[PDB]
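Undergrad: the amino acid sequence is not available; the structure is as follows:
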RNA sequence: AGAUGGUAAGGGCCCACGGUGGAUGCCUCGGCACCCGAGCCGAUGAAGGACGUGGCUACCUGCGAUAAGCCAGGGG
RNA sequence: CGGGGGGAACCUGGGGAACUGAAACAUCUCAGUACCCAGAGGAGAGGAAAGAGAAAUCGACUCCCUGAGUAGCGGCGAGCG
RNA sequence: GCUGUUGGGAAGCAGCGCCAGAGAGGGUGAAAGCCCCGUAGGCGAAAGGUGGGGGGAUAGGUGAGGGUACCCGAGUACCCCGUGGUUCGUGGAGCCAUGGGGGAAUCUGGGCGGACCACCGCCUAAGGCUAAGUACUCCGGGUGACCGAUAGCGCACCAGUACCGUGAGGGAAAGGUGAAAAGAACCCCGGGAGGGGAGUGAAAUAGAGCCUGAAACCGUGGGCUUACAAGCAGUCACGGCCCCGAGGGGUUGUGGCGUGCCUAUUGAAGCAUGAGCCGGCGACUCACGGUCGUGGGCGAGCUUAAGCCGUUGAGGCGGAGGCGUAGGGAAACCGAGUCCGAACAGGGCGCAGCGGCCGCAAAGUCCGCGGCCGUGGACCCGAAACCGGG
RNA sequence: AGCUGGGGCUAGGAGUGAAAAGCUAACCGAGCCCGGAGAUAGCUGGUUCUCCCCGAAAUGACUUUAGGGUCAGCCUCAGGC
RNA sequence: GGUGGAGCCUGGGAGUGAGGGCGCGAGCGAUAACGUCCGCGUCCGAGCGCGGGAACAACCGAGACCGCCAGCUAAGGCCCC
RNA sequence: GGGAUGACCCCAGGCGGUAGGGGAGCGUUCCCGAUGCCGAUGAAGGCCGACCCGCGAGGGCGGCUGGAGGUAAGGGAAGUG
RNA sequence: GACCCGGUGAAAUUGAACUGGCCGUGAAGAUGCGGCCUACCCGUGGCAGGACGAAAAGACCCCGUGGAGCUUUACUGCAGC
Ligand SMILES: NC(=[NH2+])NCCC[C@H](N)C(=O)O
Ligand SMILES: [Mg+2]
Ligand SMILES: [Mg+2]
Ligand SMILES: [Mg+2]
Ligand SMILES: [Mg+2]
Ligand SMILES: [Mg+2]
Ligand SMILES: [Mg+2]
Ligand SMILES: [Mg+2]
Ligand SMILES: [Mg+2]
Ligand SMILES: [Mg+2]
Ligand SMILES: [Mg+2]
Ligand SMILES: [Mg+2]
Ligand SMILES: [Mg+2]
Ligand SMILES: [Mg+2]
Ligand SMILES: [Mg+2]
Ligand SMILES: [Mg+2]
Ligand SMILES: [Mg+2]
Ligand SMILES: [Mg+2]
Ligand SMILES: [Mg+2]
Ligand SMILES: [Mg+2]
Ligand SMILES: [Mg+2]
Ligand SMILES: [Mg+2]
Ligand SMILES: [Mg+2]
Ligand SMILES: [Mg+2]
Ligand SMILES: [Mg+2]
Ligand SMILES: [Mg+2]
Ligand SMILES: [Mg+2]
Ligand SMILES: [Mg+2]
Ligand SMILES: [Mg+2]
Ligand SMILES: [Mg+2]
Ligand SMILES: [Mg+2]
Ligand SMILES: [Mg+2]
Ligand SMILES: [Mg+2]
Ligand SMILES: [Mg+2]
Ligand SMILES: [Mg+2]
Ligand SMILES: [Mg+2]
Ligand SMILES: [Mg+2]
Ligand SMILES: [Mg+2]
Ligand SMILES: [Mg+2]
Ligand SMILES: [Mg+2]
Ligand SMILES: [Mg+2]
Ligand SMILES: [Mg+2]
Ligand SMILES: [Mg+2]
Ligand SMILES: [Mg+2]
Ligand SMILES: [Mg+2]
Ligand SMILES: [Mg+2]
Ligand SMILES: [Mg+2]
Ligand SMILES: [Mg+2]
Ligand SMILES: [Mg+2]
Ligand SMILES: [Mg+2]
Ligand SMILES: [Mg+2]
Ligand SMILES: [Mg+2]
Ligand SMILES: [Mg+2]
Ligand SMILES: [Mg+2]
Ligand SMILES: [Mg+2]
Ligand SMILES: [Mg+2]
Ligand SMILES: [Mg+2]
Ligand SMILES: [Mg+2]
Ligand SMILES: [Mg+2]
Ligand SMILES: [Mg+2]
Ligand SMILES: [Mg+2]
Ligand SMILES: [Mg+2]
Ligand SMILES: [Mg+2]
Ligand SMILES: [Mg+2]
Ligand SMILES: [Mg+2]
Ligand SMILES: [Mg+2]
Ligand SMILES: [Mg+2]
Ligand SMILES: [Mg+2]
Ligand SMILES: [Mg+2]
Ligand SMILES: [Mg+2]
Ligand SMILES: [Mg+2]
Ligand SMILES: [Mg+2]
Ligand SMILES: [Mg+2]
Ligand SMILES: [Mg+2]
Ligand SMILES: [Mg+2]
Ligand SMILES: [Mg+2]
Ligand SMILES: [Mg+2]
Ligand SMILES: [Mg+2]
Ligand SMILES: [Mg+2]
Ligand SMILES: [Mg+2]
Ligand SMILES: [Mg+2]
Ligand SMILES: [Mg+2]
Ligand SMILES: [Mg+2]
Ligand SMILES: [Mg+2]
Ligand SMILES: [Mg+2]
Ligand SMILES: [Mg+2]
Ligand SMILES: [Mg+2]
Ligand SMILES: [Mg+2]
Ligand SMILES: [Mg+2]
Ligand SMILES: [Mg+2]
Ligand SMILES: [Mg+2]
Ligand SMILES: [Mg+2]
Ligand SMILES: [Mg+2]
Ligand SMILES: [Mg+2]
Ligand SMILES: [Mg+2]
Ligand SMILES: [Mg+2]
Ligand SMILES: [Mg+2]
Ligand SMILES: [Mg+2]
Ligand SMILES: [Mg+2]
Ligand SMILES: [Mg+2]
Ligand SMILES: [Mg+2]
Ligand SMILES: [Mg+2]
Ligand SMILES: [Mg+2]
Ligand SMILES: [Mg+2]
Ligand SMILES: [Mg+2]
Ligand SMILES: [Mg+2]
Ligand SMILES: [Mg+2]
Ligand SMILES: [Mg+2]
Ligand SMILES: [Mg+2]
Ligand SMILES: [Mg+2]
Ligand SMILES: [Mg+2]
Ligand SMILES: [Mg+2]
Ligand SMILES: [Mg+2]
Ligand SMILES: [Mg+2]
Ligand SMILES: [Mg+2]
Ligand SMILES: [Mg+2]
Ligand SMILES: [Mg+2]
Ligand SMILES: [Mg+2]
Ligand SMILES: [Mg+2]
Ligand SMILES: [Mg+2]
Ligand SMILES: [Mg+2]
Ligand SMILES: [Mg+2]
Ligand SMILES: [Mg+2]
Ligand SMILES: [Mg+2]
Ligand SMILES: [Mg+2]
Ligand SMILES: [Mg+2]
Ligand SMILES: [Mg+2]
Ligand SMILES: [Mg+2]
Ligand SMILES: [Mg+2]
Ligand SMILES: [Mg+2]
Ligand SMILES: [Mg+2]
Ligand SMILES: [Mg+2]
Ligand SMILES: [Mg+2]
Ligand SMILES: [Mg+2]
Ligand SMILES: [Mg+2]
Ligand SMILES: [Mg+2]
Ligand SMILES: [Mg+2]
Ligand SMILES: [Mg+2]
Ligand SMILES: [Mg+2]
Ligand SMILES: [Mg+2]
Ligand SMILES: [Mg+2]
Ligand SMILES: [Mg+2]
Ligand SMILES: [Mg+2]
Ligand SMILES: [Mg+2]
Ligand SMILES: [Mg+2]
Ligand SMILES: [Mg+2]
Ligand SMILES: [Mg+2]
Ligand SMILES: [Mg+2]
Ligand SMILES: [Mg+2]
Ligand SMILES: [Mg+2]
Ligand SMILES: [Mg+2]
Ligand SMILES: [Mg+2]
Ligand SMILES: [Mg+2]
Ligand SMILES: [Mg+2]
Ligand SMILES: [Mg+2]
Ligand SMILES: [Mg+2]
Ligand SMILES: [Mg+2]
Ligand SMILES: [Mg+2]
Ligand SMILES: [Mg+2]
Ligand SMILES: [Mg+2]
Ligand SMILES: [Mg+2]
Ligand SMILES: [Mg+2]
Ligand SMILES: [Mg+2]
Ligand SMILES: [Mg+2]
Ligand SMILES: [Mg+2]
Ligand SMILES: [Mg+2]
Ligand SMILES: [Mg+2]
Ligand SMILES: [Mg+2]
Ligand SMILES: [Mg+2]
Ligand SMILES: [Mg+2]
Ligand SMILES: [Mg+2]
Ligand SMILES: [Mg+2]
Ligand SMILES: [Mg+2]
Ligand SMILES: [Mg+2]
Ligand SMILES: [Mg+2]
Ligand SMILES: [Mg+2]
Ligand SMILES: [Mg+2]
Ligand SMILES: [Mg+2]
Ligand SMILES: [Mg+2]
Ligand SMILES: [Mg+2]
Ligand SMILES: [Mg+2]
Ligand SMILES: [Mg+2]
Ligand SMILES: [Mg+2]
Ligand SMILES: [Mg+2]
Ligand SMILES: [Mg+2]
Ligand SMILES: [Mg+2]
Ligand SMILES: [Mg+2]
Ligand SMILES: [Mg+2]
Ligand SMILES: [Mg+2]
Ligand SMILES: [Mg+2]
Ligand SMILES: [Mg+2]
Ligand SMILES: [Mg+2]
Ligand SMILES: [Mg+2]
Ligand SMILES: [Mg+2]
Ligand SMILES: [Mg+2]
Ligand SMILES: [Mg+2]
Ligand SMILES: [Mg+2]
Ligand SMILES: [Mg+2]
Ligand SMILES: [Mg+2]
Ligand SMILES: [Mg+2]
Ligand SMILES: [Mg+2]
Ligand SMILES: [Mg+2]
Ligand SMILES: [Mg+2]
Ligand SMILES: [Mg+2]
Ligand SMILES: [Mg+2]
Ligand SMILES: [Mg+2]
Ligand SMILES: [Mg+2]
Ligand SMILES: [Mg+2]
Ligand SMILES: [Mg+2]
Ligand SMILES: [Mg+2]
Ligand SMILES: [Mg+2]
Ligand SMILES: [Mg+2]
Ligand SMILES: [Mg+2]
Ligand SMILES: [Mg+2]
Ligand SMILES: [Mg+2]
Ligand SMILES: [Mg+2]
Ligand SMILES: [Mg+2]
Ligand SMILES: [Mg+2]
Ligand SMILES: [Mg+2]
Ligand SMILES: [Mg+2]
Ligand SMILES: [Mg+2]
Ligand SMILES: [Mg+2]
Ligand SMILES: [Mg+2]
Ligand SMILES: [Mg+2]
Ligand SMILES: [Mg+2]
Ligand SMILES: [Mg+2]
Ligand SMILES: [Mg+2]
Ligand SMILES: [Mg+2]
Ligand SMILES: [Mg+2]
Ligand SMILES: [Mg+2]
Ligand SMILES: [Mg+2]
Ligand SMILES: [Mg+2]
Ligand SMILES: [Mg+2]
Ligand SMILES: [Mg+2]
Ligand SMILES: [Mg+2]
Ligand SMILES: [Mg+2]
Ligand SMILES: [Mg+2]
Ligand SMILES: [Mg+2]
Ligand SMILES: [Mg+2]
Ligand SMILES: [Mg+2]
Ligand SMILES: [Mg+2]
Ligand SMILES: [Mg+2]
Ligand SMILES: [Mg+2]
Ligand SMILES: [Mg+2]
Ligand SMILES: [Mg+2]
Ligand SMILES: [Mg+2]
Ligand SMILES: [Mg+2]
Ligand SMILES: [Mg+2]
Ligand SMILES: [Mg+2]
Ligand SMILES: [Mg+2]
Ligand SMILES: [Mg+2]
Ligand SMILES: [Mg+2]
Ligand SMILES: [Mg+2]
Ligand SMILES: [Mg+2]
Ligand SMILES: [Mg+2]
Ligand SMILES: [Zn+2]
């Protein structure tokens, strides 16, 4: 039915793996289909573009590329530490994301 | 007969061990290694745990080196599969009453 | 013992005869089957147990004997299975058709008839028929024959 | 499917207790007036069939 | 007096690299076999279709002039 | 109020071959199978003894095992069962 | 579950830890119990559907002796004639069914127990209904000592499609870049296609006509060799040149020898058959029964089948039954004997472990394995033809 | 007794046939498709790795049998004498 | 006497049942046929592997496990090839 | 014959071969072995090899390609050349 | 048209080819065996003597206990009368 994302645009995430592993930033977009994500300044790549009215003078343009979701990990704003996402049943009785390192919330 | 030859082999090796009960296990794997540790079951040897006590079978069944079975299902292949063999005197008892 | 240790005894799992796989096997080409002929052909020969090549068969040429039966068919008359004395040594006391069945001596549905090839034992025996020889041995050996109805 | 007992045999022949094939004697069905008394007499008896032919007539009797 | 080499129009064998071609190896949404589950639809117009349908739309899907869709309840 | 038509096979009823096997072939077999038709349903058929058949007994029907390739059937041939 | 490390990428190797009623599996830049989807274990439905289990209703259910002799399923039972079904092919031919003819009875009735008669017994036709246990698999799910793009369904891809046929009907071929398009801006030769640098990437003979890229087939360069030779083309010896560092590799001038492969044949190089070449598909199996052999288990005893329980790649139960323990005879029937026979005659088919109670061996039987046989397409491909419905 | 467009009817042991067994969708002594179906084929062909030991027959008898088969003969293997 | 891939017995698996040349004994044929039909034997078949025979399955020689740039022989050969 | 048993050693003899019988092995797909071992310091596959062991079918070693799989001793089952 | 030049570019066939003649031989009609003669390597336009040339698993002939059509005082059945 739905693609399960433990991360959503645009909370703060830890590039767990990959070439930019360890780096941190916001999630600039979420791609469920490919189950990937774009992160600010991460997976940067140089891409070519025609001498086009949008891109006069030709040249290349740094694009931010997507990453597989299993590579990204959220950062609890409380303990500031990357954590696995549990899910808490409030008395709303809504369900909310909460850090597993500490009971903090993540939105 | 092959169900008695199987055991006996492990008996010749002394790899066979029985126990009255399992002291303090109640459905948590870690409640078992502490036991198995004190029984000389270090994990260096694959083991066939053969008892009726469910909780016990549930504690160690996830364990990479333990084969669980209700003694009502003790079979040669699983015996030979293993390096040791453990039983309740219960599981021991019904065993007797099947090769008899 | 150990799985790698488990061999079968030598000779109890023989290979197979693959025919048609090369000159080396000595079974290639004609597949141990000959050259031409109805026998090499697929399907092959009529039942060699009987057919003989056209001539009247050995069995069809033999005469038929006795009653072959008729419809509705078999007639039901009580049937007797005989057991020899020596086969009765193992028991003590009182023999009946039942026990001799559960022992594995007399089949069900048949009646019990004692034979004499052996030696009687001073035993109470119950049956549906004895032999002249069997009786003499049975009454002489201090036994108690007991016919049934 | 299981094998079917050939009745053409079970009506003519009979397997002994040792594994032999015994069929009645051929010749005295008819045309017997000028035959001997020895020839009628002897032909009224069974005869053990030749080993090869009997072996065949037993594979037809798989259940006797 | 005599005797013996170098030519290669092209051919042949051998090594090197490529062209063509798509075997082989790994892969797999798909297919096969068994066990279980489940089992009718239809004049309240079925099964299956035609023609249409998007702002731009060849085909496929989805839908029916309310036409990738309208209402309501539940889930997320 | 109901019917009509569709459904991959499965089911019951009305009809129903042949090659082939019999080392030819006609009775026989292949087989009431393949196929056609009507019908039904999630199942259909069968089903509460005017039965079986020798136990002085069994107790509707259906299906599987077994009885059994037994009893019997058959140009007593092939084969059927 | 972090770190450190090589690396394009860690899930790899090292150190220190942890969970486990979860170490099934699949993903993530490679090989992750603890990163993502999941797994064990638990939760869950306002509305439609189902509801064979639970509770409640309702239609429906029920006594005994005595006398009465009204009823008890009609062109039916019953007889004959013609058929069909049953194992029954007219057979001694009953039973069930019925196209034709004749044509009753109501318990003191009638059908049945294999023609018929009697005795004894079983049943109670000519109206109907009836769950489950049973069969199939368009559908959904789980699982495989099932296939892995000539395989597996005819289709892994826009397939019952393109194309063939008037029509029923026939019926394909065709998958893969990369971790990520970051899919090659810009410049250069060219009309373009295509390429040459630049640039991306770990890799560009991974450049989209893309993973690996074999073989036939084609071509460029190089070494040896060939224009007086002859031949199934190769083999042996020698010699010359080239390469590699008392030896080896490639090549071939001369001398010797030499009638392809397969097939079918008394016999082929054979002017007998098949094959242009290469790559892939391509033919002795399976189930039941039988018969020898064999490794084991038990052994006058061996063994269960469908099923019931258990398991979720756990096994155990189940003795109905089958083979064996006795054979001979057409059979009654006798039985270690029996049959032909008057026979105590003669003949046919039959009849009887090893050491010191023990152990060991065995008739037999059971599962495995193997060869062969019977039944089915039964080693693979191939007819001309028969038949049925369209 | 002509030729011809268009609308129609007649079909598989059946149709048409100024008759040839011609025609019936480019081969008609019984059309085509699909099915029974993997019909049958005692005929021809084809049957895929290696090494090791032995090693035939093309005879006789019967055979609607003669280019196929049953038994014996000659080969082979295991056990026994 | 003979200890041989000799023989007897029981049992499993086959293939063969289209032979051909030579020599001797015959028939048939013409005291023909690379003719045909039997008998004893031999060889090819299966030794189309080797030597001789100019070349050639069956005439002479001789039964090939493999390797040698060692020796002796059989048929047949020794002027040259 | 050793020695005791397939330990390897010595002596002697056998070993042409179609149909065909028999025996011992190689190799391909798959399963247990395997929650294991091999693998990015490079799997399977592919091109070379004049080297190693094997009678041979085949098995290792090395170099280039290749870029994520492979799978031992010992056994089991086949769509096995 | 054929033949030369530029442009496009098939076919059946094809064991592999390094493919001469004569007298002999051989499964009896040899480019491929034996002896001898001849012959420098590759081509183009031509002619058809041989590769028992190509094509179609001989229409003829026989074989098969193959088929099918036609026939009758062959056998046995059916419609029909
Ligand atoms: N408790 C038991 N009986 N366990 C038996 C094994 C079950 C299952 N196959 C497992 O490995 O988890
Ligand atoms: Mg870091
Ligand atoms: Mg988690
Ligand atoms: Mg293990
Ligand atoms: Mg475990
Ligand atoms: Mg096997
Ligand atoms: Mg088998
Ligand atoms: Mg052979
Ligand atoms: Mg063999
Ligand atoms: Mg053959
Ligand atoms: Mg054979
Ligand atoms: Mg055979
Ligand atoms: Mg052949
Ligand atoms: Mg033949
Ligand atoms: Mg033959
Ligand atoms: Mg066939
Ligand atoms: Mg046949
Ligand atoms: Mg009888
Ligand atoms: Mg008898
Ligand atoms: Mg007689
Ligand atoms: Mg008489
Ligand atoms: Mg008489
Ligand atoms: Mg006389
Ligand atoms: Mg007289
Ligand atoms: Mg008499
Ligand atoms: Mg029986
Ligand atoms: Mg018996
Ligand atoms: Mg040159
Ligand atoms: Mg040149
Ligand atoms: Mg040359
Ligand atoms: Mg290349
Ligand atoms: Mg390509
Ligand atoms: Mg694989
Ligand atoms: Mg998939
Ligand atoms: Mg599909
Ligand atoms: Mg089925
Ligand atoms: Mg449905
Ligand atoms: Mg809404
Ligand atoms: Mg809504
Ligand atoms: Mg809501
Ligand atoms: Mg809502
Ligand atoms: Mg309907
Ligand atoms: Mg019917
Ligand atoms: Mg009809
Ligand atoms: Mg017929
Ligand atoms: Mg058939
Ligand atoms: Mg038959
Ligand atoms: Mg048949
Ligand atoms: Mg027939
Ligand atoms: Mg026949
Ligand atoms: Mg016929
Ligand atoms: Mg029938
Ligand atoms: Mg029907
Ligand atoms: Mg209808
Ligand atoms: Mg219907
Ligand atoms: Mg049901
Ligand atoms: Mg019903
Ligand atoms: Mg009633
Ligand atoms: Mg029985
Ligand atoms: Mg039976
Ligand atoms: Mg008869
Ligand atoms: Mg029948
Ligand atoms: Mg780094
Ligand atoms: Mg790390
Ligand atoms: Mg795992
Ligand atoms: Mg699990
Ligand atoms: Mg995984
Ligand atoms: Mg792995
Ligand atoms: Mg993982
Ligand atoms: Mg669960
Ligand atoms: Mg619930
Ligand atoms: Mg009442
Ligand atoms: Mg009353
Ligand atoms: Mg009355
Ligand atoms: Mg009938
Ligand atoms: Mg009659
Ligand atoms: Mg009848
Ligand atoms: Mg009856
Ligand atoms: Mg009537
Ligand atoms: Mg009465
Ligand atoms: Mg009456
Ligand atoms: Mg009646
Ligand atoms: Mg009657
Ligand atoms: Mg009656
Ligand atoms: Mg009755
Ligand atoms: Mg009666
Ligand atoms: Mg009466
Ligand atoms: Mg009755
Ligand atoms: Mg009634
Ligand atoms: Mg009914
Ligand atoms: Mg029902
Ligand atoms: Mg039911
Ligand atoms: Mg499914
Ligand atoms: Mg796979
Ligand atoms: Mg596979
Ligand atoms: Mg493909
Ligand atoms: Mg395909
Ligand atoms: Mg592929
Ligand atoms: Mg057509
Ligand atoms: Mg069309
Ligand atoms: Mg067609
Ligand atoms: Mg397509
Ligand atoms: Mg990719
Ligand atoms: Mg440009
Ligand atoms: Mg330009
Ligand atoms: Mg330009
Ligand atoms: Mg370009
Ligand atoms: Mg370029
Ligand atoms: Mg770069
Ligand atoms: Mg690298
Ligand atoms: Mg590389
Ligand atoms: Mg490359
Ligand atoms: Mg590449
Ligand atoms: Mg890949
Ligand atoms: Mg490529
Ligand atoms: Mg390429
Ligand atoms: Mg060159
Ligand atoms: Mg000269
Ligand atoms: Mg020269
Ligand atoms: Mg020399
Ligand atoms: Mg040196
Ligand atoms: Mg010479
Ligand atoms: Mg030479
Ligand atoms: Mg020679
Ligand atoms: Mg020759
Ligand atoms: Mg030929
Ligand atoms: Mg010939
Ligand atoms: Mg030649
Ligand atoms: Mg030639
Ligand atoms: Mg031929
Ligand atoms: Mg050929
Ligand atoms: Mg071709
Ligand atoms: Mg090929
Ligand atoms: Mg085959
Ligand atoms: Mg076989
Ligand atoms: Mg099969
Ligand atoms: Mg089988
Ligand atoms: Mg067997
Ligand atoms: Mg046992
Ligand atoms: Mg038992
Ligand atoms: Mg006697
Ligand atoms: Mg005697
Ligand atoms: Mg024993
Ligand atoms: Mg057995
Ligand atoms: Mg056999
Ligand atoms: Mg079949
Ligand atoms: Mg077959
Ligand atoms: Mg075919
Ligand atoms: Mg066919
Ligand atoms: Mg006909
Ligand atoms: Mg006809
Ligand atoms: Mg007109
Ligand atoms: Mg007209
Ligand atoms: Mg018209
Ligand atoms: Mg018509
Ligand atoms: Mg017709
Ligand atoms: Mg028709
Ligand atoms: Mg029709
Ligand atoms: Mg007509
Ligand atoms: Mg047509
Ligand atoms: Mg035509
Ligand atoms: Mg016809
Ligand atoms: Mg036509
Ligand atoms: Mg059809
Ligand atoms: Mg059929
Ligand atoms: Mg036929
Ligand atoms: Mg090969
Ligand atoms: Mg002969
Ligand atoms: Mg005979
Ligand atoms: Mg005759
Ligand atoms: Mg002849
Ligand atoms: Mg024979
Ligand atoms: Mg022997
Ligand atoms: Mg000897
Ligand atoms: Mg010999
Ligand atoms: Mg011999
Ligand atoms: Mg033999
Ligand atoms: Mg013959
Ligand atoms: Mg001949
Ligand atoms: Mg022949
Ligand atoms: Mg002959
Ligand atoms: Mg002869
Ligand atoms: Mg001759
Ligand atoms: Mg000659
Ligand atoms: Mg001669
Ligand atoms: Mg002389
Ligand atoms: Mg002479
Ligand atoms: Mg002579
Ligand atoms: Mg003579
Ligand atoms: Mg002569
Ligand atoms: Mg001749
Ligand atoms: Mg002859
Ligand atoms: Mg031959
Ligand atoms: Mg010779
Ligand atoms: Mg010889
Ligand atoms: Mg010779
Ligand atoms: Mg040769
Ligand atoms: Mg040759
Ligand atoms: Mg020679
Ligand atoms: Mg010579
Ligand atoms: Mg010479
Ligand atoms: Mg010799
Ligand atoms: Mg000398
Ligand atoms: Mg000379
Ligand atoms: Mg000369
Ligand atoms: Mg040899
Ligand atoms: Mg020798
Ligand atoms: Mg020899
Ligand atoms: Mg052979
Ligand atoms: Mg052997
Ligand atoms: Mg073998
Ligand atoms: Mg192997
Ligand atoms: Mg292989
Ligand atoms: Mg595993
Ligand atoms: Mg693995
Ligand atoms: Mg790397
Ligand atoms: Mg590398
Ligand atoms: Mg593989
Ligand atoms: Mg491998
Ligand atoms: Mg490699
Ligand atoms: Mg993987
Ligand atoms: Mg493996
Ligand atoms: Mg192994
Ligand atoms: Mg195993
Ligand atoms: Mg295959
Ligand atoms: Mg195959
Ligand atoms: Mg010019
Ligand atoms: Mg030109
Ligand atoms: Mg040729
Ligand atoms: Mg020349
Ligand atoms: Mg001549
Ligand atoms: Mg000549
Ligand atoms: Mg010449
Ligand atoms: Mg020449
Ligand atoms: Mg030559
Ligand atoms: Mg020559
Ligand atoms: Mg020319
Ligand atoms: Mg010419
Ligand atoms: Mg010419
Ligand atoms: Mg010309
Ligand atoms: Mg010519
Ligand atoms: Mg020529
Ligand atoms: Mg010509
Ligand atoms: Mg032609
Ligand atoms: Mg022709
Ligand atoms: Mg032909
Ligand atoms: Mg032909
Ligand atoms: Mg021909
Ligand atoms: Mg012909
Ligand atoms: Mg004919
Ligand atoms: Mg005939
Ligand atoms: Mg014939
Ligand atoms: Mg005819
Ligand atoms: Mg009429
Ligand atoms: Mg009339
Ligand atoms: Zn936190």
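TA: Yep, it's here. Numbers count the residues shown, from 1 in each chain, chains lettered A, B, ... in the order given. Ligands and ions are numbered 1, 2, ... in the order given.

Undergrad: which parts of chain A are strands?
TA: Listed in chain order, the strands found in chain A under DSSP state E are A:12-15, A:24-31, A:36-39, A:44-48, A:60-64, A:66-68, A:72-74, A:85-89, A:95-99.

Undergrad: could these go into JSON lines alongside distance to RNA strand H and mean neighbour count?
TA: All C-beta spots, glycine's among them, are computed from the backbone N, C-alpha and C. Below are the strands of chain A laid out as JSON lines (distance: least, C-beta to the nearest atom of the strand, whole Å; neighbours: other C-beta atoms under 10 Å in any protein chain shown):
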{"stretch": "strand A:12-15", "distance to RNA strand H": "56", "mean neighbour count": "21"}
{"stretch": "strand A:24-31", "distance to RNA strand H": "50", "mean neighbour count": "17"}
{"stretch": "strand A:36-39", "distance to RNA strand H": "49", "mean neighbour count": "23"}
{"stretch": "strand A:44-48", "distance to RNA strand H": "53", "mean neighbour count": "10"}
{"stretch": "strand A:60-64", "distance to RNA strand H": "56", "mean neighbour count": "12"}
{"stretch": "strand A:66-68", "distance to RNA strand H": "47", "mean neighbour count": "18"}
{"stretch": "strand A:72-74", "distance to RNA strand H": "54", "mean neighbour count": "22"}
{"stretch": "strand A:85-89", "distance to RNA strand H": "58", "mean neighbour count": "11"}
{"stretch": "strand A:95-99", "distance to RNA strand H": "59", "mean neighbour count": "17"}
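
Undergrad: TSV for the ones you listed, including distance to RNA strand I?
TA: Formatted as TSV, the strands of chain A follow (distance: least, C-beta to the nearest atom of the strand, whole Å):
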stretch	distance to RNA strand I
strand A:12-15	71
strand A:24-31	70
strand A:36-39	68
strand A:44-48	68
strand A:60-64	73
strand A:66-68	65
strand A:72-74	72
strand A:85-89	73
strand A:95-99	76
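
Undergrad: nearest to residue C:19, out of those?
TA: For the strands of chain A, the distance to residue C:19 is smallest for strand A:66-68, at 55.9 Å, taking C-beta to C-beta.

Undergrad: partners of that closest one in the sheet?
TA: strand A:36-39 (antiparallel) (DSSP bridges).

Undergrad: hmm, the partner strand touching RNA strand G?
TA: No - using C-beta under 7 Å from any atom of the strand, strand A:36-39 stays clear of RNA strand G, coming no nearer than 7.7 Å.

Undergrad: spatially central, which residue of chain D would that be?
TA: residue D:23 (1.7 Å; C-alpha atoms, centre = their mean).

Undergrad: ah, wrong one, I meant chain B
TA: The residue lying closest to the centre of chain B (C-alpha atoms, centre = their mean) is residue B:49, at 2.3 Å.

Undergrad: can I take it that that one is in a strand?
TA: Yes - under the criterion used here (DSSP: H, G, I helix; E, B strand; the rest coil), residue B:49 sits inside a strand.

Undergrad: how about it, what does it touch?
TA: By C-beta atoms under 8 Å, 6 or more residues apart in numbering or on different chains, the contact set of residue B:49 is B:56, B:57, B:60, B:66, B:67, B:68, B:69, B:86.

Undergrad: pull up the gap between the residue of chain A found nearest ligand 20 and RNA strand I, please.
TA: Relative to ligand 20, the nearest point of chain A is residue A:1 (88.5 Å; C-beta to the ion). Relative to RNA strand I, residue A:1 is positioned 65 Å away (C-beta to the nearest atom of the strand, to the nearest Å).

Undergrad: and for residue A:104?
TA: Counting by C-beta to the nearest atom of the strand - residue A:104 and RNA strand I are separated by 83 Å.

Undergrad: buried stuff in the top helix by length along chain D?
TA: Ranked by number of residues, the top helix in chain D under DSSP state H is helix D:51-59. Using 16 or more other C-beta atoms under 10 Å in any protein chain shown as the test for burial, helix D:51-59 gives D:53, D:54, D:56, D:57, D:58.
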